[PDB]
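What follows is one structure encoded as structure tokens, with my remarks underneath.
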Amino acid sequence: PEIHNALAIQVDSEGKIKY
Amino acid sequence: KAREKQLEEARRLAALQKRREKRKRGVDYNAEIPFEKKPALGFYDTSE
Amino acid sequence: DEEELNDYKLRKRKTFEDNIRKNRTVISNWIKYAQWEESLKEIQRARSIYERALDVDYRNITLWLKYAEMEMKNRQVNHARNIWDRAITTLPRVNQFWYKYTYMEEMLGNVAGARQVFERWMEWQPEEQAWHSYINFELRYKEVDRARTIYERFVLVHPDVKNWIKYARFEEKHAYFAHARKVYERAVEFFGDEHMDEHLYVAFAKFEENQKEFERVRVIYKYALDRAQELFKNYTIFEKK
Amino acid sequence: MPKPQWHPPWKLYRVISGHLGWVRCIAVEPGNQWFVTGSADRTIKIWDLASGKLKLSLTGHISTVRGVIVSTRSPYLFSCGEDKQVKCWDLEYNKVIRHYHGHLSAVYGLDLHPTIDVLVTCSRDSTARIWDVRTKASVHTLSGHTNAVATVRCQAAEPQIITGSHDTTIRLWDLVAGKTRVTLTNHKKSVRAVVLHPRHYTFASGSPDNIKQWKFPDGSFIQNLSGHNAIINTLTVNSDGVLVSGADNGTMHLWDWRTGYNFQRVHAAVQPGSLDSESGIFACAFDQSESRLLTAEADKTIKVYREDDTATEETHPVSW
Amino acid sequence: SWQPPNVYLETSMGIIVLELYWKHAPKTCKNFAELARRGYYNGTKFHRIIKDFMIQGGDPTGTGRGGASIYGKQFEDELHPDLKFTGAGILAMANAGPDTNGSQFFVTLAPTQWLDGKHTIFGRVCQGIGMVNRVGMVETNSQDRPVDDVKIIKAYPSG
Amino acid sequence: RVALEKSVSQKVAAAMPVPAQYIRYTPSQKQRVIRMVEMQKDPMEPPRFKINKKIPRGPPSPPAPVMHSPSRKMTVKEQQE
Amino acid sequence: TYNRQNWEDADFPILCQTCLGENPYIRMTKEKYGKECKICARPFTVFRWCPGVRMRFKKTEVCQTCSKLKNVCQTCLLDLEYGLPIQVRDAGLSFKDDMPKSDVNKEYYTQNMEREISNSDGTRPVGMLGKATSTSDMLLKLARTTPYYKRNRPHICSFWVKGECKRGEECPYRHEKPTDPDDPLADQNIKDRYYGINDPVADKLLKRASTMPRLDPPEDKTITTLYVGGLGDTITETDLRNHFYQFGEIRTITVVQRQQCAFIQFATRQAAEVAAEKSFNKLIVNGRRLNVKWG
Ligand SMILES: [Zn+2]
Ligand SMILES: [Zn+2]
Ligand SMILES: [Zn+2]
């Protein structure tokens with residue numbers, strides 16, 4: 001407005017990154 | 001051992017003499033990867 | 001010379017493929033083929049060889065170790081991180097994978113967030129050397145409240161008199177005397193309260209002799225009343241001092 | 001921790017001999033009139049259950065018979081052996097009438113579906129095969145085990161096919177697609193015996209490491225029955241909740257199914273002229289009355305155990 | 001009326017404080033505040049997820065073409081020059097056609113001046129632009145949605 | 001039982017020794033009508049292709065994570081035992 | 001000893017619009033395991049039809065797995081989205097995919113990709129389509145829009161070439177002179193066309209596309225002011241400002257109808273280069289097409 005290969009990291013609740 | 005190496009050297013000499021003058025349903029390992037198994041991708045990598 | 005080198009490489013690859021096809025389960029042929037492919041500077045060919053060998057038998061430690069070492073010896077750091085992530089998620093009980101992953105991500109990687117990755121190992125309740133190395137790693141990263149939580153989880157997960165003595169020494173060396181006294185009180189209340197171990201009482205008496213000799217004499221008298229030869233030696237040391 | 005229910009102990013009361021090889025498998029006729037043994041004598045013997053008299057002996061197998069089962073809804077007797085052949089015997093004429101063929105190696109066991117009349121066999125070529133009974137057509141080839149599949153179990157509820165193999169893995173299969181569904185890798189050694197509870201929708205798996213109780217259908221881990229550290233070859237469960245684990249060293253352990261509490265250790269003796277190394281339980285089965293336990297011991301004997309009615313709760317107290 | 005300057009949205013990716021363009025679009029900001037108060041944009045999965053162009057969430061239909069706003073049925077997209085889909089952290093509505101917009105919020109970290117005239121911008125992402133850029137960098141299927149579903153846990157329209 | 005009977009009938013009909021449809025095509029680049037007609041198989045006619053082409057076995061399913069109890073390290077007295 | 005390529009038996013063939021013809025009612029023939037694949041050599045369901053009135057009775061050549069792998073037609077071996085050879089599309093997008101050439105490795109790779117597709121949803125040209133999201137670089141300039149029916153023309157009568165076609169006008173084959181045999185365009189290996197290696201049609205279209213500077217611009221000595229012709233009084237400065245707003249900040253946007261030129265300049269060199277490349281005979285605003293040059 002006024003300004004003008006990896007994978008998807010899944011995190012559930014406080015669980016740091018679903019592996 | 002040495003006799004097979006001498007036979008291979010004689011075959012290479014005959015091949016160079018014929019080049020200076022089928023595939024038997026085989027697999028050529030020097031042309032490409034024989035059974036290409038790609039590594040699994042995850043969480044990283046930007047290739048090279 | 002290029003055609004002779006191509007014929008030599010074709011003959012070596014034909015003998016390696018014939019040795020693979022003769023005995024599939026022998027992994028030393030796979031290791032020799034992968035090392036010969038890496039010695040000729042063919043990284044993706046050796047990666048395909050290692051992936052085929054892991055598809056043949058994924059339970060071997062040395063296949064993962066050699067393929068991660070081949071990834072780490074080159075500049076493929078993210079490939080090595082993917083290899084270590086796969087090796088951790090398939091075989092969590094092998095501690096050598098964890099140790100080499102932490103040395104790769106700590107020395108070469110130099111990432112503190114790998115400690116969070118290390119907390120994944122703390123889900124698995126490992127042996128006490130993992131806890132000791134994590135205590136020394138948190139000391140090397142200059143964190144003492146985090147190391148206090150680490151040692152509290154170590155005492156809760158692996159309770160031992162040597163573990164409580166190491167907790168007392170770590171709380172004394174981190175200049176928390178009230179926390180050390182509370183840890184010694186909790187160890188006296190829980191660890192060997194009725195078992196009469198007579199070793200955590202000696203450490204509590206040594207901490208009190210560092211603190212105040214009247215409480216050390218009271219602790220030595222309580223240890224002599226609760227009880228061996230070491231308790232009598234500690235009582236004689238408290239009476240002599 | 002609840003107290004386990006008191007089970008009365010068991011005692012040996014008859015020993016039947018007459019086989020000239022290792023008795024590898026025992027099956028019981030569903031009307032409880034007779035039972036049947038397969039041996040390394042390449043013979044299949046029908047024995048009377050009550051009197052113990054040898055009713056019949058059938059030849060025709062060329063190698064060691066590894067598995068024998070009796071059909072509950074057909075007058076058929078299915079026998080698998082080390083000769084890479086599965087035989088369907090019509091009992092109506094005591095002759096082999098069907099030959100299921102196609103395994104590349106020795107067949108280590110077989111099981112019948114109780115409702116569909118389809119056959120499943122596990123063999124040493126790392127495959128299980130699912131055969132239609134009437135057409136003798138292998139409708140599926142379950143593969144995915146990397147070593148020899150030691151045993152197979154079958155049930156009507158989902159999942160239908162349970163396989164335990166020598167590569168420390170248990171595979172819960174799907175019958176209609178022929179694909180695996182659940183892989184359990186908790187065992188450290190070869191899974192040689194699996195047994196299914198008749199009513200609690202649970203099962204147990206046997207390995208030299210431990211015995212593991214699980215929960216159908218997801219295969220979630222329930223309990224770790226520890227102790228009895230020998231090569232367990234067989235596993236059967238009573239309808240009353242008694243689990244019998246038989247080992248290759250001859251020792252037998254009896255457990256409560258719920259608490260996992262071992263209440264009896266039975267190490268029987270051997271045949272009169274026999275080595276101490278020839279002590280080992282290859283198979284064991286309860287009868288239809290759930291009151292006689294029949295074991296196929298490695299000294300070419302069938303040993304039959306009965307309940308000891310004279311024992312009471314204070315005479316044999318439950319520890320802890 | 002309801003003219004909040006900035007609101008907060010906590011989701012699985014993180015917590016983002018997004019400014020609302022109530023100076024140029026007061027009715028759309030009031031409809032967005034009423035949808036955040038009623039929980040219309042909270043709990044709904046990301047219906048539209050472009051390849052690092054615009055990530056749209058809060059649509060109740062889930063297909064990217066439906067959804068209902070606080071004004072009733074569909075909302076007319078009245079675009080203004082003060083609130084344009086340009087730069088990084090632009091908050092707008094992923095409208096498939098003209099004069100048909102729901103209560104869904106779309107965060108764009110790239111230039112979207114072609115779709116800026118056909119949609120009304122709700123505001124700008126003052127905070128949490130990196131979380132929206134990390135959410136929009138995930139690969140999606142042909143239906144502009146991946147296998148995993150990401151929604152909004154809580155929404156606070158303060159102001 | 002129904003699915004297995006379908007599989008048995010398909011296997012036997014494959015092993016047994018020996019109408020025109022209408023479909024709507026959307027090319028996605030308007031719609032077309034296609035009359036699906038199967039050509040008549042010649043009964044007087046041998047198989048066409050060699051089917052004895054052996055290739056090595058493919059990759060299996062991706063491996064399961066390995067639960068274990070923590071490993072008891074054997075002593076050196078156990079090693080010469 | 002129990003691995004072999006499975007036979008691909010499926011209906012609904014994947015064809016181009018051009019090879020399918022123009023009639024909405026097509027009479028269609030299907031053989032279950034009629035011929036082999038021209039690339040992966042597996043048997044497959046062979047579809048045959050006449051696309052029109054005087055066409056060739058075109059039939060499918062490659063199997064459905066290869067055509068789903070490379071996203072091409074089963075007969076024309078050209079791309080479904082654009083009607084281009086796969087060498088041109090691989091030069092446009094990505095040429096690091098490749099395929100084995102030896103028959104055992106080709107059969108093994110095709111069996112692995114077939115198992116991957118059958119374990120997938122069923123109709124997806126792997127992750128290569130994920131690399132095909134970036135488009136319209138230069139391939140849309142030379143892509144055909146009309147259905148080129150002249151490749152459904154029947155073959156040349158070889159008896160008429162020797163002047164002995166006794167059928168005359170009854171002969172369905174073409175009674176016209178063939179192409180030049182000395183021309184290197186006439187070689188056309190099918191495996192070379194599938195693998196995208198030294199295809200002369202692809203080389204000729206790449207040479208044709210390289211001679212069209214539709215994205216060159218840069219004719220000013222470090223000056224961002226570029227003139228777009230063809231705008232006139234139909235296109236004003238509002239359309240130029242709306243085009244330059246996607247690039248960021250524009251230094252100057254103006255339109256002059258005396259020379260019919262739109263002067264566009266940006267404060268950034270990359271934004272001005274993107275605005276000059278977007279307006280170089282590819283931009284149409286307010287019914288006026290603009291061609292970018294120096295001004
Ligand atoms: Zn076509
Ligand atoms: Zn093909
Ligand atoms: Zn002619």
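Residue numbering restarts at 1 in every chain; chains get A, B, ... in the order shown in the structure tokens, and ligands count up from 1 in that same order.
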Give the residues close to ligand 1, within 7 Å, counting only C-alpha atoms and all ligand atoms; write them as a PDB file with N, CA and C atoms, in the first residue's frame.
ATOM      1  N   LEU G  15      -3.809 -36.571 -26.608  1.00  0.00           N
ATOM      2  CA  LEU G  15      -3.435 -36.109 -27.936  1.00  0.00           C
ATOM      3  C   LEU G  15      -3.525 -34.592 -28.009  1.00  0.00           C
ATOM      4  N   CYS G  16      -2.866 -34.027 -29.021  1.00  0.00           N
ATOM      5  CA  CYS G  16      -2.962 -32.601 -29.286  1.00  0.00           C
ATOM      6  C   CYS G  16      -4.310 -32.263 -29.910  1.00  0.00           C
ATOM      7  N   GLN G  17      -4.574 -30.963 -30.021  1.00  0.00           N
ATOM      8  CA  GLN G  17      -5.749 -30.517 -30.754  1.00  0.00           C
ATOM      9  C   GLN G  17      -5.569 -30.697 -32.255  1.00  0.00           C
ATOM     10  N   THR G  18      -4.337 -30.550 -32.747  1.00  0.00           N
ATOM     11  CA  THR G  18      -4.087 -30.601 -34.183  1.00  0.00           C
ATOM     12  C   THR G  18      -4.208 -32.017 -34.723  1.00  0.00           C
ATOM     13  N   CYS G  19      -3.628 -32.990 -34.021  1.00  0.00           N
ATOM     14  CA  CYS G  19      -3.696 -34.373 -34.468  1.00  0.00           C
ATOM     15  C   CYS G  19      -5.070 -34.984 -34.245  1.00  0.00           C
ATOM     16  N   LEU G  20      -5.860 -34.431 -33.322  1.00  0.00           N
ATOM     17  CA  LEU G  20      -7.204 -34.944 -33.094  1.00  0.00           C
ATOM     18  C   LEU G  20      -8.147 -34.563 -34.224  1.00  0.00           C
ATOM     19  N   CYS G  73       2.362 -35.108 -26.814  1.00  0.00           N
ATOM     20  CA  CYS G  73       1.361 -35.890 -27.521  1.00  0.00           C
ATOM     21  C   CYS G  73       1.864 -37.300 -27.787  1.00  0.00           C
ATOM     22  N   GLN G  74       0.922 -38.234 -27.898  1.00  0.00           N
ATOM     23  CA  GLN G  74       1.274 -39.620 -28.166  1.00  0.00           C
ATOM     24  C   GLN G  74       1.634 -39.864 -29.624  1.00  0.00           C
ATOM     25  N   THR G  75       1.252 -38.965 -30.529  1.00  0.00           N
ATOM     26  CA  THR G  75       1.561 -39.099 -31.947  1.00  0.00           C
ATOM     27  C   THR G  75       2.552 -38.041 -32.412  1.00  0.00           C
ATOM     28  N   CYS G  76       2.240 -36.763 -32.182  1.00  0.00           N
ATOM     29  CA  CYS G  76       3.037 -35.673 -32.725  1.00  0.00           C
ATOM     30  C   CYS G  76       4.381 -35.524 -32.033  1.00  0.00           C
ATOM     31  N   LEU G  77       4.494 -36.028 -30.793  1.00  0.00           N
ATOM     32  CA  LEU G  77       5.659 -35.875 -29.909  1.00  0.00           C
ATOM     33  C   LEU G  77       6.018 -34.407 -29.697  1.00  0.00           C
ATOM     34  N   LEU G  78       4.994 -33.568 -29.599  1.00  0.00           N
ATOM     35  CA  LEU G  78       5.138 -32.152 -29.322  1.00  0.00           C
ATOM     36  C   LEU G  78       4.375 -31.837 -28.048  1.00  0.00           C
TER      37      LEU G  78
END
*Write as a PyMOL selection string the residues around ligand 2, taking 10 Å as the cut-off and counting only C-alpha atoms and all ligand atoms.*
chain G and resi 7-8+36-44+61-69+74+106-107+110-111+114
Could the residues in this selection be written to a file with N, CA and C atoms, as a compact mmCIF listing (two decimals), in the first residue's frame?
# COMPACT_ATOMS: atom_id res chain seq x y z
N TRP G 7 2.60 -54.04 -18.52
CA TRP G 7 1.96 -53.57 -19.74
C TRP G 7 0.95 -52.48 -19.41
N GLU G 8 1.05 -51.35 -20.11
CA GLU G 8 0.21 -50.19 -19.84
C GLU G 8 -1.08 -50.31 -20.64
N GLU G 36 4.10 -52.03 -29.74
CA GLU G 36 5.01 -51.65 -28.67
C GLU G 36 5.25 -50.15 -28.67
N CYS G 37 5.72 -49.65 -27.53
CA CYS G 37 6.09 -48.25 -27.41
C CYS G 37 7.34 -47.97 -28.24
N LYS G 38 7.38 -46.80 -28.86
CA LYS G 38 8.51 -46.46 -29.72
C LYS G 38 9.73 -46.02 -28.93
N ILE G 39 9.59 -45.76 -27.63
CA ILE G 39 10.70 -45.34 -26.79
C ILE G 39 11.05 -46.40 -25.76
N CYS G 40 10.12 -46.71 -24.86
CA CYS G 40 10.40 -47.60 -23.75
C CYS G 40 10.14 -49.06 -24.08
N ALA G 41 9.68 -49.35 -25.30
CA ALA G 41 9.49 -50.68 -25.89
C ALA G 41 8.52 -51.56 -25.11
N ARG G 42 7.60 -50.95 -24.36
CA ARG G 42 6.61 -51.80 -23.72
C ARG G 42 5.36 -51.89 -24.59
N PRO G 43 4.60 -52.98 -24.49
CA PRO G 43 3.30 -53.01 -25.15
C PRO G 43 2.32 -52.07 -24.47
N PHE G 44 1.44 -51.49 -25.27
CA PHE G 44 0.52 -50.48 -24.75
C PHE G 44 -0.73 -50.47 -25.61
N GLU G 61 1.88 -43.61 -31.06
CA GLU G 61 3.19 -44.20 -31.25
C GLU G 61 3.87 -44.56 -29.94
N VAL G 62 3.95 -43.64 -29.00
CA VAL G 62 4.58 -43.90 -27.72
C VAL G 62 3.52 -44.28 -26.71
N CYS G 63 3.95 -44.89 -25.62
CA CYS G 63 3.03 -45.33 -24.59
C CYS G 63 2.58 -44.15 -23.74
N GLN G 64 1.59 -44.42 -22.88
CA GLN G 64 1.02 -43.36 -22.06
C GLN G 64 1.94 -42.93 -20.93
N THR G 65 2.84 -43.81 -20.48
CA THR G 65 3.75 -43.45 -19.40
C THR G 65 4.82 -42.47 -19.87
N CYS G 66 5.37 -42.69 -21.07
CA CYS G 66 6.35 -41.77 -21.64
C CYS G 66 5.73 -40.42 -21.96
N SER G 67 4.50 -40.43 -22.49
CA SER G 67 3.81 -39.20 -22.83
C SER G 67 3.37 -38.44 -21.59
N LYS G 68 3.02 -39.15 -20.51
CA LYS G 68 2.74 -38.47 -19.26
C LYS G 68 4.02 -37.99 -18.58
N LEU G 69 5.14 -38.64 -18.87
CA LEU G 69 6.41 -38.23 -18.29
C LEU G 69 6.92 -36.93 -18.91
N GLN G 74 0.92 -38.23 -27.90
CA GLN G 74 1.27 -39.62 -28.17
C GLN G 74 1.63 -39.86 -29.62
N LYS G 106 16.99 -48.10 -19.36
CA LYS G 106 15.78 -47.40 -19.79
C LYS G 106 14.53 -48.10 -19.29
N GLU G 107 14.51 -49.44 -19.35
CA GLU G 107 13.37 -50.21 -18.85
C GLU G 107 13.25 -50.10 -17.33
N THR G 110 12.03 -46.53 -16.55
CA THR G 110 10.62 -46.40 -16.93
C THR G 110 9.72 -47.15 -15.96
N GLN G 111 10.17 -48.31 -15.47
CA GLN G 111 9.40 -49.05 -14.46
C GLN G 111 9.35 -48.29 -13.14
N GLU G 114 7.00 -45.37 -13.69
CA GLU G 114 5.63 -45.88 -13.78
C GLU G 114 5.08 -46.23 -12.40
*asked:* Residues contacting ligand 3 - anything with an atom at most 12 Å away, using only C-alpha atoms and all ligand atoms - can you give me those as an MDAnalysis selection string?
replied: chainID G and resid 154:177
*Enumerate as an NGL selection string all residues of chain E assigned to strand (DSSP E) by DSSP on the backbone, naming them with the chain letters and numbers the document uses.*
:E and (6-11 or 15-20 or 48-49 or 55-57 or 90-92 or 105-108 or 123-124 or 152-156)
*Using only C-alpha atoms, find the residues of chain F whose closest atom to chain C is at most 8 Å away, then write them as a count of residues only.*
11
*When you get a sec, could you note down which chain E residues fall within 8 Å of chain G, using only C-alpha atoms, as a list in words?*
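Result, ordered by chain then number: residues 86, 87, 111, 112, 113 and 114 of chain E.
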Excluding range 4-20 of chain E and any residue of its chain fewer than 3 positions from it, enumerate the residues within 6 Å of it, using only C-alpha atoms, and give them as an mmCIF file with N, CA and C atoms, in the first residue's frame.
data_model
loop_
_atom_site.group_PDB
_atom_site.id
_atom_site.type_symbol
_atom_site.label_atom_id
_atom_site.label_comp_id
_atom_site.auth_asym_id
_atom_site.auth_seq_id
_atom_site.Cartn_x
_atom_site.Cartn_y
_atom_site.Cartn_z
ATOM 1 N N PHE E 122 -7.098 -4.812 2.040
ATOM 2 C CA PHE E 122 -7.534 -4.610 3.416
ATOM 3 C C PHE E 122 -6.526 -3.804 4.226
ATOM 4 N N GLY E 123 -5.249 -3.862 3.862
ATOM 5 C CA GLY E 123 -4.234 -3.130 4.604
ATOM 6 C C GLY E 123 -2.842 -3.592 4.234
ATOM 7 N N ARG E 124 -1.937 -3.498 5.206
ATOM 8 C CA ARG E 124 -0.551 -3.901 5.029
ATOM 9 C C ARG E 124 -0.101 -4.727 6.224
ATOM 10 N N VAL E 125 0.874 -5.600 5.986
ATOM 11 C CA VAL E 125 1.450 -6.432 7.037
ATOM 12 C C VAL E 125 2.584 -5.632 7.671
ATOM 13 N N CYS E 126 2.298 -5.010 8.819
ATOM 14 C CA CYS E 126 3.323 -4.255 9.531
ATOM 15 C C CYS E 126 4.338 -5.173 10.198
ATOM 16 N N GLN E 127 3.898 -6.332 10.679
ATOM 17 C CA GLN E 127 4.780 -7.300 11.309
ATOM 18 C C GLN E 127 4.427 -8.693 10.806
ATOM 19 N N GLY E 128 5.400 -9.596 10.897
ATOM 20 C CA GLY E 128 5.190 -10.959 10.452
ATOM 21 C C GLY E 128 5.189 -11.147 8.953
ATOM 22 N N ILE E 152 -5.760 -20.257 10.775
ATOM 23 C CA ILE E 152 -5.491 -19.201 11.744
ATOM 24 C C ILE E 152 -6.054 -19.635 13.090
ATOM 25 N N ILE E 153 -5.215 -19.591 14.125
ATOM 26 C CA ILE E 153 -5.638 -20.046 15.444
ATOM 27 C C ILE E 153 -6.460 -18.976 16.149
ATOM 28 N N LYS E 154 -5.914 -17.768 16.274
ATOM 29 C CA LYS E 154 -6.589 -16.691 16.983
ATOM 30 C C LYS E 154 -6.445 -15.389 16.208
ATOM 31 N N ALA E 155 -7.435 -14.514 16.368
ATOM 32 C CA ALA E 155 -7.430 -13.205 15.730
ATOM 33 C C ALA E 155 -7.925 -12.165 16.721
ATOM 34 N N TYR E 156 -7.140 -11.108 16.910
ATOM 35 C CA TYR E 156 -7.489 -10.012 17.814
ATOM 36 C C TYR E 156 -7.607 -8.722 17.016
ATOM 37 N N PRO E 157 -8.824 -8.255 16.729
ATOM 38 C CA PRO E 157 -9.003 -6.965 16.026
ATOM 39 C C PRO E 157 -9.101 -5.795 17.000
ATOM 40 N N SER E 158 -7.960 -5.428 17.579
ATOM 41 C CA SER E 158 -7.912 -4.345 18.552
ATOM 42 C C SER E 158 -7.991 -2.997 17.845
ATOM 43 N N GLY E 159 -8.857 -2.122 18.345
ATOM 44 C CA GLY E 159 -9.042 -0.809 17.757
ATOM 45 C C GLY E 159 -10.457 -0.571 17.269
#
*Taking only C-alpha atoms into account, what are the residues of chain G at most 7 Å from chain F, put as JSON, numbers by chain?*
{"G": [1, 3, 4, 17, 24, 25, 26, 27, 28, 29, 30, 31, 104, 108, 112]}
*Starting from chain C, keep only residues with some atom at most 12 Å from an atom of chain B, counting only C-alpha atoms, and report them as JSON, numbers by chain.*
{"C": [1, 3, 4, 5, 6, 7, 8, 9, 10, 11, 12, 13, 14, 15, 16, 17, 18, 37, 42, 43, 44, 45, 46, 47, 48, 49, 50, 51, 52, 53, 54, 55, 56, 67, 71, 74, 75, 76, 77, 78, 79, 80, 81, 82, 83, 84, 85, 86, 87]}
*Could you tell me, as JSON, numbers by chain, which residues of chain B DSSP assigns to helix (DSSP H, G or I) when given the backbone?*
{"B": [2, 3, 4, 5, 6, 7, 8, 9, 10, 11, 12, 13, 14, 15, 16, 17, 18, 19, 20]}
How would the residues just chosen look if you wrote them out with N, CA, C and O atoms as a tab-separated table (two decimals), in the first residue's frame?
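Written output follows (selection.tsv):
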chain	number	residue	atom	x	y	z
B	2	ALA	N	48.39	-61.13	-15.82
B	2	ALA	CA	49.22	-60.45	-16.81
B	2	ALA	C	48.86	-60.86	-18.23
B	2	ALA	O	49.00	-60.07	-19.16
B	3	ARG	N	48.41	-62.11	-18.41
B	3	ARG	CA	47.99	-62.58	-19.73
B	3	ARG	C	46.70	-61.89	-20.18
B	3	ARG	O	46.56	-61.54	-21.35
B	4	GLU	N	45.77	-61.67	-19.24
B	4	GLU	CA	44.55	-60.93	-19.56
B	4	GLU	C	44.84	-59.46	-19.84
B	4	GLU	O	44.19	-58.86	-20.71
B	5	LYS	N	45.82	-58.87	-19.14
B	5	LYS	CA	46.22	-57.50	-19.42
B	5	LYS	C	46.91	-57.38	-20.77
B	5	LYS	O	46.71	-56.39	-21.49
B	6	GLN	N	47.70	-58.39	-21.15
B	6	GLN	CA	48.32	-58.40	-22.47
B	6	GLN	C	47.28	-58.60	-23.57
B	6	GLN	O	47.40	-58.00	-24.65
B	7	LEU	N	46.26	-59.42	-23.31
B	7	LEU	CA	45.17	-59.59	-24.26
B	7	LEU	C	44.34	-58.31	-24.40
B	7	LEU	O	43.90	-57.98	-25.51
B	8	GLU	N	44.14	-57.59	-23.30
B	8	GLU	CA	43.43	-56.31	-23.35
B	8	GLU	C	44.25	-55.25	-24.09
B	8	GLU	O	43.68	-54.44	-24.83
B	9	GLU	N	45.57	-55.26	-23.90
B	9	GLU	CA	46.44	-54.34	-24.64
B	9	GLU	C	46.47	-54.67	-26.12
B	9	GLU	O	46.49	-53.76	-26.96
B	10	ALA	N	46.45	-55.96	-26.47
B	10	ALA	CA	46.40	-56.36	-27.88
B	10	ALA	C	45.05	-56.01	-28.50
B	10	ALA	O	44.99	-55.62	-29.68
B	11	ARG	N	43.96	-56.14	-27.74
B	11	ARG	CA	42.64	-55.75	-28.23
B	11	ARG	C	42.54	-54.25	-28.41
B	11	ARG	O	41.91	-53.78	-29.36
B	12	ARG	N	43.16	-53.47	-27.51
B	12	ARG	CA	43.19	-52.02	-27.66
B	12	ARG	C	44.04	-51.60	-28.85
B	12	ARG	O	43.70	-50.64	-29.56
B	13	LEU	N	45.15	-52.32	-29.09
B	13	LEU	CA	45.98	-52.05	-30.26
B	13	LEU	C	45.26	-52.38	-31.56
B	13	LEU	O	45.37	-51.64	-32.54
B	14	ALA	N	44.49	-53.48	-31.56
B	14	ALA	CA	43.69	-53.83	-32.74
B	14	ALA	C	42.55	-52.85	-32.95
B	14	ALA	O	42.20	-52.54	-34.10
B	15	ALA	N	41.97	-52.33	-31.86
B	15	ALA	CA	40.91	-51.33	-31.98
B	15	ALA	C	41.44	-50.01	-32.50
B	15	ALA	O	40.80	-49.36	-33.34
B	16	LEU	N	42.63	-49.59	-32.05
B	16	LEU	CA	43.25	-48.38	-32.58
B	16	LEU	C	43.73	-48.57	-34.02
B	16	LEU	O	43.73	-47.61	-34.79
B	17	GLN	N	44.14	-49.79	-34.39
B	17	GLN	CA	44.51	-50.05	-35.78
B	17	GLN	C	43.29	-50.05	-36.69
B	17	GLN	O	43.37	-49.60	-37.84
B	18	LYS	N	42.15	-50.55	-36.20
B	18	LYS	CA	40.92	-50.52	-36.99
B	18	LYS	C	40.34	-49.11	-37.07
B	18	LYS	O	39.73	-48.75	-38.09
B	19	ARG	N	40.49	-48.31	-36.01
B	19	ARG	CA	40.04	-46.93	-36.05
B	19	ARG	C	40.96	-46.07	-36.92
B	19	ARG	O	40.50	-45.10	-37.53
B	20	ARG	N	42.25	-46.41	-36.97
B	20	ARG	CA	43.16	-45.71	-37.87
B	20	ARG	C	42.95	-46.10	-39.32
B	20	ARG	O	43.29	-45.32	-40.22
*asked:* I'd like the contact shell of residue 117 in chain E - 10 Å cut-off, only C-alpha atoms, skipping same-chain residues fewer than 3 positions apart - returned as a list in words.
replied: residues 77, 78, 79, 80, 81, 84, 85, 98, 112, 113, 114, 120 and 121 of chain E; 242 of chain G
Given the selection you just returned, output its residues as a file containing C-alpha atoms, formatted as an mmCIF file, in the first residue's frame.
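Printed below is again.cif as written:
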data_model
loop_
_atom_site.group_PDB
_atom_site.id
_atom_site.type_symbol
_atom_site.label_atom_id
_atom_site.label_comp_id
_atom_site.auth_asym_id
_atom_site.auth_seq_id
_atom_site.Cartn_x
_atom_site.Cartn_y
_atom_site.Cartn_z
ATOM 1 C CA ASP E 77 -13.975 -4.575 -4.205
ATOM 2 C CA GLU E 78 -13.469 -0.797 -4.022
ATOM 3 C CA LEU E 79 -9.746 -0.393 -4.664
ATOM 4 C CA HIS E 80 -8.012 2.847 -3.691
ATOM 5 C CA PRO E 81 -4.571 4.308 -4.458
ATOM 6 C CA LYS E 84 -2.547 -1.080 -3.415
ATOM 7 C CA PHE E 85 -1.216 -4.619 -3.843
ATOM 8 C CA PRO E 98 -14.773 -8.315 -10.019
ATOM 9 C CA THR E 112 0.595 -7.821 -7.627
ATOM 10 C CA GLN E 113 -0.286 -4.649 -9.531
ATOM 11 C CA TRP E 114 -2.203 -6.625 -12.177
ATOM 12 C CA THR E 120 -9.690 -4.180 -2.547
ATOM 13 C CA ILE E 121 -6.660 -4.148 -0.255
ATOM 14 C CA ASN G 242 -0.117 1.077 -14.129
#
_Nearest residue to chain G out of D:141, D:277, D:39, D:236, using only C-alpha atoms?_
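Nearest to chain G: D:141.
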*Could you pull the residues within 8 Å of residue 161 in chain D, counting only C-alpha atoms, minus those fewer than 6 positions along the same chain, as a ChimeraX atom specification?*
/D:152-155,172-175
